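*Asks:* What follows is start05.pdb, PDB, C-alpha atoms.
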```pdb
MODEL        1
ATOM      1  CA  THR A   2     -45.043  15.904  -6.936  1.00  0.00           C
ATOM      2  CA  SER A   3     -47.104  13.440  -4.880  1.00  0.00           C
ATOM      3  CA  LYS A   4     -48.278  15.636  -2.005  1.00  0.00           C
ATOM      4  CA  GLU A   5     -49.102  12.969   0.596  1.00  0.00           C
ATOM      5  CA  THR A   6     -50.171  14.809   3.740  1.00  0.00           C
ATOM      6  CA  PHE A   7     -50.066  13.194   7.186  1.00  0.00           C
ATOM      7  CA  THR A   8     -51.939  14.920  10.016  1.00  0.00           C
ATOM      8  CA  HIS A   9     -52.357  13.744  13.595  1.00  0.00           C
ATOM      9  CA  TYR A  10     -55.859  12.592  14.551  1.00  0.00           C
ATOM     10  CA  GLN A  11     -57.101  14.186  17.799  1.00  0.00           C
ATOM     11  CA  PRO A  12     -60.880  13.844  18.230  1.00  0.00           C
ATOM     12  CA  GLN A  13     -60.449  14.598  21.940  1.00  0.00           C
ATOM     13  CA  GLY A  14     -60.925  18.227  22.911  1.00  0.00           C
ATOM     14  CA  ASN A  15     -60.018  18.416  26.605  1.00  0.00           C
ATOM     15  CA  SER A  16     -58.392  16.383  29.363  1.00  0.00           C
ATOM     16  CA  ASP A  17     -61.865  14.968  30.062  1.00  0.00           C
ATOM     17  CA  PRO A  18     -61.851  11.146  30.019  1.00  0.00           C
ATOM     18  CA  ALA A  19     -63.813   9.670  27.115  1.00  0.00           C
ATOM     19  CA  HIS A  20     -65.978   6.939  28.641  1.00  0.00           C
ATOM     20  CA  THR A  21     -67.721   4.457  26.348  1.00  0.00           C
ATOM     21  CA  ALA A  22     -70.877   2.378  26.674  1.00  0.00           C
ATOM     22  CA  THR A  23     -72.935  -0.139  24.719  1.00  0.00           C
ATOM     23  CA  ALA A  24     -76.618   0.155  23.861  1.00  0.00           C
ATOM     24  CA  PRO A  25     -79.016  -1.713  21.551  1.00  0.00           C
ATOM     25  CA  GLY A  26     -78.721  -0.537  17.957  1.00  0.00           C
ATOM     26  CA  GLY A  27     -81.442   0.503  15.541  1.00  0.00           C
ATOM     27  CA  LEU A  28     -79.510   1.846  12.568  1.00  0.00           C
ATOM     28  CA  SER A  29     -80.959   1.644   9.063  1.00  0.00           C
ATOM     29  CA  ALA A  30     -77.811   2.293   6.992  1.00  0.00           C
ATOM     30  CA  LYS A  31     -74.026   2.355   7.166  1.00  0.00           C
ATOM     31  CA  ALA A  32     -72.822   4.880   9.753  1.00  0.00           C
ATOM     32  CA  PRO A  33     -69.164   5.926  10.141  1.00  0.00           C
ATOM     33  CA  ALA A  34     -67.528   6.772  13.438  1.00  0.00           C
ATOM     34  CA  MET A  35     -67.992  10.116  15.222  1.00  0.00           C
ATOM     35  CA  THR A  36     -71.700  10.412  14.364  1.00  0.00           C
ATOM     36  CA  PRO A  37     -74.162  11.869  16.907  1.00  0.00           C
ATOM     37  CA  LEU A  38     -76.948   9.526  17.986  1.00  0.00           C
ATOM     38  CA  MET A  39     -80.405   9.940  19.487  1.00  0.00           C
ATOM     39  CA  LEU A  40     -83.017   7.640  20.985  1.00  0.00           C
ATOM     40  CA  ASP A  41     -85.840   6.467  18.744  1.00  0.00           C
ATOM     41  CA  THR A  42     -89.071   8.263  19.609  1.00  0.00           C
ATOM     42  CA  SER A  43     -91.235   5.115  19.554  1.00  0.00           C
ATOM     43  CA  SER A  44     -89.041   2.008  19.815  1.00  0.00           C
ATOM     44  CA  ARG A  45     -86.204   3.705  21.779  1.00  0.00           C
ATOM     45  CA  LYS A  46     -83.386   2.178  19.747  1.00  0.00           C
ATOM     46  CA  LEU A  47     -80.324   4.189  18.743  1.00  0.00           C
ATOM     47  CA  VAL A  48     -80.519   6.129  15.477  1.00  0.00           C
ATOM     48  CA  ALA A  49     -78.310   8.648  13.711  1.00  0.00           C
ATOM     49  CA  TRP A  50     -79.028  12.252  14.658  1.00  0.00           C
ATOM     50  CA  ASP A  51     -81.378  13.953  12.199  1.00  0.00           C
ATOM     51  CA  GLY A  52     -79.967  17.406  12.944  1.00  0.00           C
ATOM     52  CA  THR A  53     -83.476  18.814  13.459  1.00  0.00           C
ATOM     53  CA  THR A  54     -84.681  17.250  16.738  1.00  0.00           C
ATOM     54  CA  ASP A  55     -83.289  19.773  19.205  1.00  0.00           C
ATOM     55  CA  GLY A  56     -81.862  18.530  22.497  1.00  0.00           C
ATOM     56  CA  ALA A  57     -82.317  14.817  21.746  1.00  0.00           C
ATOM     57  CA  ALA A  58     -78.609  14.116  21.205  1.00  0.00           C
ATOM     58  CA  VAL A  59     -77.271  11.566  23.687  1.00  0.00           C
ATOM     59  CA  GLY A  60     -73.786  10.570  22.502  1.00  0.00           C
ATOM     60  CA  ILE A  61     -71.233  10.154  19.739  1.00  0.00           C
ATOM     61  CA  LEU A  62     -70.600   6.817  18.038  1.00  0.00           C
ATOM     62  CA  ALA A  63     -67.325   5.203  19.110  1.00  0.00           C
ATOM     63  CA  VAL A  64     -66.679   2.756  16.242  1.00  0.00           C
ATOM     64  CA  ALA A  65     -68.137   2.658  12.744  1.00  0.00           C
ATOM     65  CA  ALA A  66     -71.025   0.209  12.399  1.00  0.00           C
ATOM     66  CA  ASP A  67     -73.946  -0.557  10.091  1.00  0.00           C
ATOM     67  CA  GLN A  68     -77.603  -1.572  10.286  1.00  0.00           C
ATOM     68  CA  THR A  69     -76.615  -5.209  10.949  1.00  0.00           C
ATOM     69  CA  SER A  70     -74.999  -4.207  14.265  1.00  0.00           C
ATOM     70  CA  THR A  71     -77.229  -5.327  17.133  1.00  0.00           C
ATOM     71  CA  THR A  72     -75.313  -3.324  19.759  1.00  0.00           C
ATOM     72  CA  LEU A  73     -73.622   0.046  19.225  1.00  0.00           C
ATOM     73  CA  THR A  74     -70.682   1.358  21.249  1.00  0.00           C
ATOM     74  CA  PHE A  75     -70.642   5.121  21.798  1.00  0.00           C
ATOM     75  CA  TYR A  76     -69.070   7.714  24.072  1.00  0.00           C
ATOM     76  CA  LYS A  77     -70.931   9.099  27.081  1.00  0.00           C
ATOM     77  CA  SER A  78     -68.619  11.985  28.046  1.00  0.00           C
ATOM     78  CA  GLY A  79     -65.725  14.080  26.803  1.00  0.00           C
ATOM     79  CA  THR A  80     -64.899  17.059  24.616  1.00  0.00           C
ATOM     80  CA  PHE A  81     -64.892  16.918  20.823  1.00  0.00           C
ATOM     81  CA  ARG A  82     -63.694  19.265  18.105  1.00  0.00           C
ATOM     82  CA  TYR A  83     -66.233  20.863  15.782  1.00  0.00           C
ATOM     83  CA  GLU A  84     -64.288  19.601  12.749  1.00  0.00           C
ATOM     84  CA  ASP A  85     -63.954  15.901  13.626  1.00  0.00           C
ATOM     85  CA  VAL A  86     -67.659  15.290  14.311  1.00  0.00           C
ATOM     86  CA  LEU A  87     -69.512  14.012  11.234  1.00  0.00           C
ATOM     87  CA  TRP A  88     -72.469  16.348  11.587  1.00  0.00           C
ATOM     88  CA  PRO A  89     -75.646  15.627   9.605  1.00  0.00           C
ATOM     89  CA  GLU A  90     -76.307  17.915   6.661  1.00  0.00           C
ATOM     90  CA  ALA A  91     -79.760  18.895   7.956  1.00  0.00           C
ATOM     91  CA  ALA A  92     -78.071  20.634  10.918  1.00  0.00           C
ATOM     92  CA  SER A  93     -76.864  23.764   9.127  1.00  0.00           C
ATOM     93  CA  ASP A  94     -76.746  26.099  12.159  1.00  0.00           C
ATOM     94  CA  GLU A  95     -73.340  26.617  13.772  1.00  0.00           C
ATOM     95  CA  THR A  96     -74.841  27.919  17.028  1.00  0.00           C
ATOM     96  CA  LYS A  97     -77.126  24.894  17.351  1.00  0.00           C
ATOM     97  CA  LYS A  98     -74.254  22.526  16.545  1.00  0.00           C
ATOM     98  CA  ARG A  99     -72.101  24.058  19.285  1.00  0.00           C
ATOM     99  CA  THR A 100     -74.860  23.481  21.868  1.00  0.00           C
ATOM    100  CA  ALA A 101     -76.362  20.311  20.373  1.00  0.00           C
ATOM    101  CA  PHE A 102     -75.163  18.269  23.372  1.00  0.00           C
ATOM    102  CA  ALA A 103     -76.192  20.806  26.025  1.00  0.00           C
ATOM    103  CA  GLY A 104     -77.305  19.178  29.268  1.00  0.00           C
ATOM    104  CA  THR A 105     -75.343  15.951  28.769  1.00  0.00           C
ATOM    105  CA  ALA A 106     -71.689  15.118  29.421  1.00  0.00           C
ATOM    106  CA  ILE A 107     -70.711  15.606  25.760  1.00  0.00           C
ATOM    107  CA  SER A 108     -69.111  18.971  25.020  1.00  0.00           C
ATOM    108  CA  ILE A 109     -68.183  20.587  21.702  1.00  0.00           C
ATOM    109  CA  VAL A 110     -65.191  22.915  21.495  1.00  0.00           C
TER
ATOM    110  CA  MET B  50     -51.331  31.793  21.773  1.00  0.00           C
ATOM    111  CA  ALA B  51     -52.220  31.026  25.422  1.00  0.00           C
ATOM    112  CA  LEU B  52     -54.156  34.221  26.065  1.00  0.00           C
ATOM    113  CA  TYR B  53     -55.602  34.244  29.595  1.00  0.00           C
ATOM    114  CA  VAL B  54     -56.813  30.894  31.014  1.00  0.00           C
ATOM    115  CA  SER B  55     -56.630  30.971  34.831  1.00  0.00           C
ATOM    116  CA  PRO B  56     -55.429  27.984  36.937  1.00  0.00           C
ATOM    117  CA  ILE B  57     -58.995  26.996  37.833  1.00  0.00           C
ATOM    118  CA  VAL B  58     -60.783  26.517  34.484  1.00  0.00           C
ATOM    119  CA  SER B  59     -58.009  24.924  32.401  1.00  0.00           C
ATOM    120  CA  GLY B  60     -59.342  24.036  28.974  1.00  0.00           C
ATOM    121  CA  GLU B  61     -58.475  23.585  25.306  1.00  0.00           C
ATOM    122  CA  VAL B  62     -55.481  21.507  24.207  1.00  0.00           C
ATOM    123  CA  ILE B  63     -53.247  21.992  21.172  1.00  0.00           C
ATOM    124  CA  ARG B  64     -52.676  19.939  18.009  1.00  0.00           C
ATOM    125  CA  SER B  65     -49.527  18.302  16.698  1.00  0.00           C
ATOM    126  CA  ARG B  66     -48.507  19.121  13.138  1.00  0.00           C
ATOM    127  CA  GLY B  67     -46.818  17.825   9.977  1.00  0.00           C
ATOM    128  CA  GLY B  68     -47.975  16.582   6.609  1.00  0.00           C
ATOM    129  CA  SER B  69     -45.565  17.326   3.757  1.00  0.00           C
ATOM    130  CA  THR B  70     -43.592  14.919   1.566  1.00  0.00           C
ATOM    131  CA  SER B  71     -42.249  14.906  -1.995  1.00  0.00           C
ATOM    132  CA  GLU B  72     -39.974  12.635  -4.029  1.00  0.00           C
ATOM    133  CA  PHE B  73     -37.488  13.791  -6.680  1.00  0.00           C
ATOM    134  CA  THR B  74     -35.885  10.620  -7.943  1.00  0.00           C
ATOM    135  CA  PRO B  75     -33.551  10.139 -10.867  1.00  0.00           C
ATOM    136  CA  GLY B  76     -30.880  12.573 -12.091  1.00  0.00           C
ATOM    137  CA  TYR B  77     -28.059  11.576 -14.495  1.00  0.00           C
ATOM    138  CA  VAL B  78     -25.203  12.802 -16.748  1.00  0.00           C
ATOM    139  CA  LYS B  79     -22.053  11.393 -18.426  1.00  0.00           C
ATOM    140  CA  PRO B  80     -19.839  13.471 -20.784  1.00  0.00           C
ATOM    141  CA  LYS B  81     -17.610  10.877 -22.474  1.00  0.00           C
ATOM    142  CA  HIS B  82     -14.486  12.129 -24.285  1.00  0.00           C
ATOM    143  CA  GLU B  83     -11.961  10.659 -26.723  1.00  0.00           C
ATOM    144  CA  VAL B  84      -8.238  10.065 -26.185  1.00  0.00           C
ATOM    145  CA  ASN B  85      -6.955  10.748 -29.753  1.00  0.00           C
ATOM    146  CA  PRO B  86      -4.327   7.964 -29.914  1.00  0.00           C
ATOM    147  CA  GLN B  87      -2.772   9.382 -33.115  1.00  0.00           C
ATOM    148  CA  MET B  88      -2.759  13.057 -32.065  1.00  0.00           C
ATOM    149  CA  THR B  89       0.134  12.529 -29.624  1.00  0.00           C
ATOM    150  CA  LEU B  90       2.780  12.159 -32.350  1.00  0.00           C
ATOM    151  CA  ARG B  91       2.686  15.899 -33.114  1.00  0.00           C
ATOM    152  CA  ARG B  92       3.366  18.681 -30.597  1.00  0.00           C
ATOM    153  CA  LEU B  93       0.759  20.511 -28.532  1.00  0.00           C
ATOM    154  CA  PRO B  94       0.496  24.307 -28.252  1.00  0.00           C
ATOM    155  CA  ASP B  95       2.131  23.693 -24.858  1.00  0.00           C
ATOM    156  CA  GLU B  96       5.506  21.924 -24.511  1.00  0.00           C
ATOM    157  CA  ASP B  97       7.857  24.669 -25.746  1.00  0.00           C
ATOM    158  CA  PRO B  98       9.866  23.512 -28.785  1.00  0.00           C
TER
ENDMDL
END
```
Now, as a test, write the supplied structure out as C-alpha coordinates.
*Replies:*
Amino acid sequence: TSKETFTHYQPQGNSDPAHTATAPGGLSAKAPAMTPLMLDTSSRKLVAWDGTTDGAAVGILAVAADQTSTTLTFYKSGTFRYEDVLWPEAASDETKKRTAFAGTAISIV
Amino acid sequence: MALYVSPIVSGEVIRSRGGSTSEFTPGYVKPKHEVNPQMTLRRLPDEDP
(Lines of atoms letter the chains of each structure in order from A and count residues from 1; the text may use other names and numbers.)
(Lines give C-alpha, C1' and ligand atoms only; values in the text may rest on other atoms or scores of the structure.)
Protein backbone atom coordinates (compact mmCIF):
# COMPACT_ATOMS: atom_id res chain seq x y z
CA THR A 1 0.00 0.00 0.00
CA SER A 2 2.23 2.80 1.33
CA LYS A 3 5.39 2.30 -0.73
CA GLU A 4 7.92 4.10 1.48
CA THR A 5 11.31 3.68 -0.19
CA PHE A 6 14.58 4.04 1.72
CA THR A 7 17.79 4.39 -0.30
CA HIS A 8 21.31 4.95 0.99
CA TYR A 9 22.78 8.40 0.31
CA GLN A 10 26.28 8.24 -1.22
CA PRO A 11 27.33 11.56 -2.79
CA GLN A 12 30.95 10.37 -2.69
CA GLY A 13 32.21 8.76 -5.88
CA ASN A 14 35.69 7.47 -5.06
CA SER A 15 38.01 6.85 -2.12
CA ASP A 16 39.20 10.45 -2.59
CA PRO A 17 38.93 12.45 0.66
CA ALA A 18 36.32 15.21 0.50
CA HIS A 19 38.03 18.29 1.93
CA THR A 20 35.92 21.33 2.83
CA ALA A 21 36.65 25.04 3.03
CA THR A 22 34.93 28.33 3.84
CA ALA A 23 34.73 31.38 1.59
CA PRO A 24 32.76 34.64 1.63
CA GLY A 25 29.25 34.19 0.28
CA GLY A 26 27.40 36.21 -2.33
CA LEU A 27 24.22 34.22 -2.90
CA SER A 28 21.01 35.95 -3.96
CA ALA A 29 18.48 33.19 -3.20
CA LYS A 30 18.01 29.94 -1.30
CA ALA A 31 20.49 27.31 -2.46
CA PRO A 32 20.31 23.63 -1.43
CA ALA A 33 23.33 21.43 -0.85
CA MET A 34 25.36 19.86 -3.67
CA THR A 35 25.17 22.93 -5.94
CA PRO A 36 28.18 23.95 -8.07
CA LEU A 37 29.58 27.40 -7.35
CA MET A 38 31.67 29.93 -9.26
CA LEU A 39 33.45 33.17 -8.42
CA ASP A 40 31.66 36.42 -9.18
CA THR A 41 33.17 38.10 -12.23
CA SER A 42 33.29 41.59 -10.67
CA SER A 43 32.99 41.34 -6.88
CA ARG A 44 34.54 37.83 -6.60
CA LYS A 45 31.97 36.49 -4.15
CA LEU A 46 30.58 32.97 -4.44
CA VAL A 47 27.51 32.48 -6.64
CA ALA A 48 25.55 29.50 -7.90
CA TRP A 49 26.82 28.10 -11.19
CA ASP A 50 24.91 29.47 -14.18
CA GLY A 51 25.61 26.39 -16.29
CA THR A 52 26.80 28.55 -19.20
CA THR A 53 30.13 30.01 -18.03
CA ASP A 54 32.47 27.23 -19.11
CA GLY A 55 35.39 26.30 -16.87
CA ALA A 56 34.51 28.72 -14.05
CA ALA A 57 33.30 26.02 -11.64
CA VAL A 58 35.36 25.95 -8.45
CA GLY A 59 33.54 23.67 -5.99
CA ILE A 60 30.36 22.05 -4.73
CA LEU A 61 28.38 23.47 -1.81
CA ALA A 62 28.78 21.43 1.38
CA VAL A 63 25.70 22.50 3.38
CA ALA A 64 22.50 24.18 2.23
CA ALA A 65 22.51 27.94 2.79
CA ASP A 66 20.69 31.07 1.63
CA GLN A 67 21.45 34.67 0.65
CA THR A 68 21.71 35.67 4.34
CA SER A 69 24.76 33.40 4.78
CA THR A 70 27.89 35.54 4.99
CA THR A 71 30.27 32.57 4.64
CA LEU A 72 29.66 29.44 2.56
CA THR A 73 31.22 26.04 3.23
CA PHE A 74 31.98 23.96 0.14
CA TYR A 75 34.11 21.02 -0.94
CA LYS A 76 37.47 21.51 -2.65
CA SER A 77 38.19 17.94 -3.78
CA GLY A 78 36.60 14.54 -4.26
CA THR A 79 34.49 12.53 -6.67
CA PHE A 80 30.75 13.03 -7.08
CA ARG A 81 28.01 11.10 -8.85
CA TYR A 82 26.26 12.66 -11.82
CA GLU A 83 22.87 12.03 -10.18
CA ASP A 84 23.45 13.60 -6.75
CA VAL A 85 24.72 16.96 -8.02
CA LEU A 86 21.93 19.55 -8.32
CA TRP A 87 22.93 20.77 -11.76
CA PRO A 88 21.48 24.06 -13.04
CA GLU A 89 18.83 23.75 -15.74
CA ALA A 90 20.75 26.00 -18.15
CA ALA A 91 23.48 23.32 -18.34
CA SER A 92 21.70 20.87 -20.64
CA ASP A 93 24.81 19.19 -22.13
CA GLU A 94 25.84 15.86 -20.61
CA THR A 95 29.38 16.07 -22.02
CA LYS A 96 29.91 19.55 -20.58
CA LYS A 97 28.48 18.47 -17.22
CA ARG A 98 30.90 15.53 -17.03
CA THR A 99 33.88 17.87 -17.59
CA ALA A 100 32.47 20.97 -15.87
CA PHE A 101 35.09 20.69 -13.11
CA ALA A 102 38.03 19.92 -15.41
CA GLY A 103 41.31 21.34 -14.14
CA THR A 104 40.29 21.44 -10.47
CA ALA A 105 40.26 18.72 -7.81
CA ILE A 106 36.52 18.06 -8.24
CA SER A 107 35.72 15.03 -10.39
CA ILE A 108 32.40 13.78 -11.75
CA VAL A 109 31.82 10.05 -12.23
CA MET B 1 30.26 -6.33 -12.66
CA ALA B 2 33.96 -5.59 -11.95
CA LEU B 3 35.11 -5.71 -15.56
CA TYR B 4 38.83 -4.91 -15.82
CA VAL B 5 40.23 -2.29 -13.40
CA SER B 6 43.96 -2.92 -12.83
CA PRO B 7 45.65 -2.60 -9.39
CA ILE B 8 47.08 0.82 -10.24
CA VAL B 9 44.06 2.96 -11.22
CA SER B 10 41.44 1.70 -8.74
CA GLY B 11 38.25 3.68 -9.15
CA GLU B 12 34.47 3.60 -8.84
CA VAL B 13 32.75 2.30 -5.70
CA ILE B 14 29.41 0.51 -5.40
CA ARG B 15 26.08 1.46 -3.81
CA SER B 16 24.15 -0.18 -1.00
CA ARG B 17 20.53 -1.06 -1.68
CA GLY B 18 17.05 -1.45 -0.16
CA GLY B 19 13.86 0.57 -0.17
CA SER B 20 10.69 -1.53 0.03
CA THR B 21 8.05 -1.68 2.77
CA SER B 22 4.32 -2.40 2.96
CA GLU B 23 1.80 -2.89 5.77
CA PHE B 24 -1.17 -5.29 5.68
CA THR B 25 -2.87 -4.83 9.01
CA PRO B 26 -6.18 -6.21 10.20
CA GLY B 27 -7.69 -9.60 9.32
CA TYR B 28 -10.60 -11.18 11.27
CA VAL B 29 -13.22 -13.98 11.37
CA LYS B 30 -15.50 -15.70 13.94
CA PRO B 31 -18.07 -18.39 12.97
CA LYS B 32 -20.27 -18.71 16.07
CA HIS B 33 -22.51 -21.80 16.35
CA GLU B 34 -25.43 -22.88 18.54
CA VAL B 35 -25.57 -25.77 21.02
CA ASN B 36 -29.26 -26.80 20.59
CA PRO B 37 -30.03 -27.53 24.27
CA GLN B 38 -33.36 -29.22 23.41
CA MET B 39 -32.11 -31.28 20.44
CA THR B 40 -30.23 -33.73 22.71
CA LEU B 41 -33.39 -35.45 23.99
CA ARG B 42 -33.90 -37.25 20.66
CA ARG B 43 -31.37 -39.57 19.00
CA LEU B 44 -28.78 -38.57 16.41
CA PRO B 45 -28.24 -40.37 13.09
CA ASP B 46 -25.22 -41.82 14.92
CA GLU B 47 -25.56 -43.78 18.19
CA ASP B 48 -27.01 -47.06 16.89
CA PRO B 49 -30.41 -47.80 18.47
*Asks:* Looking at only C-alpha atoms, which of A:77, A:31, A:45, A:82 is the one that sits closest to chain B?
*Replies:*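 Going through A:77, A:31, A:45, A:82 one by one, the smallest distance to chain B is for A:82.
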*Asks:* Quick one: which residues end up in the PyMOL selection byres ((chain A) within 10 of (chain B)) for this structure, as an MDAnalysis selection string?
*Replies:* chainID A and resid 2:11 13:17 80 82 110
*Asks:* Please indicate the distance in Å from CA of residue 100 in chain A to CA of residue 46 in chain A, rounded to one decimal place.
*Replies:*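 Result for CA of residue 100 in chain A versus CA of residue 46 in chain A: 23.0 Å, one decimal.
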*Asks:* For a test of reading the model, state the distance in Å between CA of residue 91 in chain A and CA of residue 48 in chain A, rounded to one decimal.
*Replies:* 14.8 Å
*Asks:* Could you check how far CA of residue 75 in chain A sits from CA of residue 24 in chain A, in Å to one decimal?
*Replies:* 8.0 Å
*Asks:* Taking the structure I provided as the source, export chain B with N, CA and C atoms, as a tab-separated table (two decimals), in the first residue's frame.
*Replies:*
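Output below, filename selection_26.tsv:
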```
chain	number	residue	atom	x	y	z
B	50	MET	N	29.06	-5.53	-12.49
B	50	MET	CA	30.26	-6.33	-12.66
B	50	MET	C	31.49	-5.55	-12.17
B	51	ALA	N	32.66	-6.15	-12.35
B	51	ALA	CA	33.96	-5.59	-11.95
B	51	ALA	C	34.96	-5.75	-13.09
B	52	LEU	N	34.57	-5.28	-14.27
B	52	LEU	CA	35.11	-5.71	-15.56
B	52	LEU	C	36.63	-5.87	-15.65
B	53	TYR	N	37.41	-4.79	-15.50
B	53	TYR	CA	38.83	-4.91	-15.82
B	53	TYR	C	39.79	-4.25	-14.84
B	54	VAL	N	39.35	-3.27	-14.03
B	54	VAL	CA	40.23	-2.29	-13.40
B	54	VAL	C	41.49	-2.93	-12.81
B	55	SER	N	42.66	-2.42	-13.23
B	55	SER	CA	43.96	-2.92	-12.83
B	55	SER	C	44.36	-2.36	-11.47
B	56	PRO	N	45.25	-3.05	-10.73
B	56	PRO	CA	45.65	-2.60	-9.39
B	56	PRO	C	46.63	-1.43	-9.39
B	57	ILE	N	46.38	-0.46	-10.27
B	57	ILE	CA	47.08	0.82	-10.24
B	57	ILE	C	46.13	2.01	-10.32
B	58	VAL	N	44.94	1.85	-10.87
B	58	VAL	CA	44.06	2.96	-11.22
B	58	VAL	C	42.69	2.73	-10.58
B	59	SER	N	42.68	2.06	-9.42
B	59	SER	CA	41.44	1.70	-8.74
B	59	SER	C	40.49	2.88	-8.66
B	60	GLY	N	39.22	2.62	-8.95
B	60	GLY	CA	38.25	3.68	-9.15
B	60	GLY	C	36.90	3.51	-8.47
B	61	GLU	N	35.85	3.48	-9.29
B	61	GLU	CA	34.47	3.60	-8.84
B	61	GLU	C	34.14	2.63	-7.71
B	62	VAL	N	33.25	3.08	-6.82
B	62	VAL	CA	32.75	2.30	-5.70
B	62	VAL	C	31.29	1.93	-6.00
B	63	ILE	N	30.74	1.04	-5.19
B	63	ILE	CA	29.41	0.51	-5.40
B	63	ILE	C	28.44	1.15	-4.42
B	64	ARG	N	27.15	0.90	-4.63
B	64	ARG	CA	26.08	1.46	-3.81
B	64	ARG	C	25.40	0.37	-3.00
B	65	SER	N	25.03	0.69	-1.77
B	65	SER	CA	24.15	-0.18	-1.00
B	65	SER	C	22.71	-0.04	-1.49
B	66	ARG	N	21.88	-1.01	-1.13
B	66	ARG	CA	20.53	-1.06	-1.68
B	66	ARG	C	19.46	-1.26	-0.60
B	67	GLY	N	18.20	-1.34	-1.03
B	67	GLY	CA	17.05	-1.45	-0.16
B	67	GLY	C	15.95	-0.52	-0.65
B	68	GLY	N	14.89	-0.40	0.15
B	68	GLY	CA	13.86	0.57	-0.17
B	68	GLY	C	12.47	0.05	-0.46
B	69	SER	N	12.04	-1.02	0.20
B	69	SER	CA	10.69	-1.53	0.03
B	69	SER	C	10.07	-1.80	1.39
B	70	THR	N	8.79	-1.46	1.53
B	70	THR	CA	8.05	-1.68	2.77
B	70	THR	C	6.56	-1.55	2.49
B	71	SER	N	5.77	-2.43	3.10
B	71	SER	CA	4.32	-2.40	2.96
B	71	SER	C	3.69	-2.97	4.22
B	72	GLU	N	2.51	-2.47	4.57
B	72	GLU	CA	1.80	-2.89	5.77
B	72	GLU	C	0.41	-3.43	5.41
B	73	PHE	N	0.07	-4.57	6.00
B	73	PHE	CA	-1.17	-5.29	5.68
B	73	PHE	C	-1.81	-5.66	7.02
B	74	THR	N	-2.58	-4.74	7.58
B	74	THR	CA	-2.87	-4.83	9.01
B	74	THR	C	-3.88	-5.88	9.48
B	75	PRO	N	-5.19	-5.70	9.23
B	75	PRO	CA	-6.18	-6.21	10.20
B	75	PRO	C	-6.45	-7.71	10.26
B	76	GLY	N	-7.16	-8.24	9.26
B	76	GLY	CA	-7.69	-9.60	9.32
B	76	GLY	C	-8.76	-9.78	10.39
B	77	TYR	N	-9.75	-10.66	10.19
B	77	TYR	CA	-10.60	-11.18	11.27
B	77	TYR	C	-11.64	-12.18	10.77
B	78	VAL	N	-12.10	-13.08	11.65
B	78	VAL	CA	-13.22	-13.98	11.37
B	78	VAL	C	-13.67	-14.66	12.66
B	79	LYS	N	-14.98	-14.96	12.78
B	79	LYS	CA	-15.50	-15.70	13.94
B	79	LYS	C	-16.83	-16.39	13.64
B	80	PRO	N	-16.82	-17.67	13.25
B	80	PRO	CA	-18.07	-18.39	12.97
B	80	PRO	C	-18.74	-19.00	14.20
B	81	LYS	N	-19.55	-18.21	14.90
B	81	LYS	CA	-20.27	-18.71	16.07
B	81	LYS	C	-21.32	-19.75	15.67
B	82	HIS	N	-21.49	-20.77	16.52
B	82	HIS	CA	-22.51	-21.80	16.35
B	82	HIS	C	-23.34	-21.95	17.61
B	83	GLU	N	-24.48	-22.61	17.46
B	83	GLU	CA	-25.43	-22.88	18.54
B	83	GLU	C	-25.20	-24.27	19.12
B	84	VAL	N	-25.73	-24.49	20.32
B	84	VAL	CA	-25.57	-25.77	21.02
B	84	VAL	C	-26.82	-26.64	20.95
B	85	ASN	N	-27.99	-26.07	20.68
B	85	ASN	CA	-29.26	-26.80	20.59
B	85	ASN	C	-29.54	-27.55	21.89
B	86	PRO	N	-29.85	-26.85	22.98
B	86	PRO	CA	-30.03	-27.53	24.27
B	86	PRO	C	-31.20	-28.51	24.30
B	87	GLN	N	-32.19	-28.35	23.42
B	87	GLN	CA	-33.36	-29.22	23.41
B	87	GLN	C	-33.31	-30.27	22.30
B	88	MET	N	-32.26	-30.29	21.49
B	88	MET	CA	-32.11	-31.28	20.44
B	88	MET	C	-31.46	-32.57	20.95
B	89	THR	N	-30.92	-32.57	22.17
B	89	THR	CA	-30.23	-33.73	22.71
B	89	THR	C	-31.17	-34.78	23.28
B	90	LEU	N	-32.46	-34.47	23.43
B	90	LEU	CA	-33.39	-35.45	23.99
B	90	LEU	C	-33.74	-36.54	22.98
B	91	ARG	N	-33.68	-36.24	21.69
B	91	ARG	CA	-33.90	-37.25	20.66
B	91	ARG	C	-32.59	-38.01	20.42
B	92	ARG	N	-32.56	-38.82	19.36
B	92	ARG	CA	-31.37	-39.57	19.00
B	92	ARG	C	-30.81	-39.05	17.68
B	93	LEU	N	-29.48	-39.02	17.60
B	93	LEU	CA	-28.78	-38.57	16.41
B	93	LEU	C	-28.79	-39.66	15.34
B	94	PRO	N	-28.45	-39.32	14.09
B	94	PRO	CA	-28.24	-40.37	13.09
B	94	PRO	C	-27.12	-41.33	13.47
B	95	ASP	N	-26.19	-40.91	14.32
B	95	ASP	CA	-25.22	-41.82	14.92
B	95	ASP	C	-25.87	-42.53	16.10
B	96	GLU	N	-25.06	-43.18	16.95
B	96	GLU	CA	-25.56	-43.78	18.19
B	96	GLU	C	-26.64	-44.82	17.90
B	97	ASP	N	-26.19	-45.92	17.29
B	97	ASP	CA	-27.01	-47.06	16.89
B	97	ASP	C	-28.07	-47.39	17.93
B	98	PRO	N	-29.30	-47.69	17.50
B	98	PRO	CA	-30.41	-47.80	18.47
B	98	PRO	C	-30.34	-49.03	19.35
```
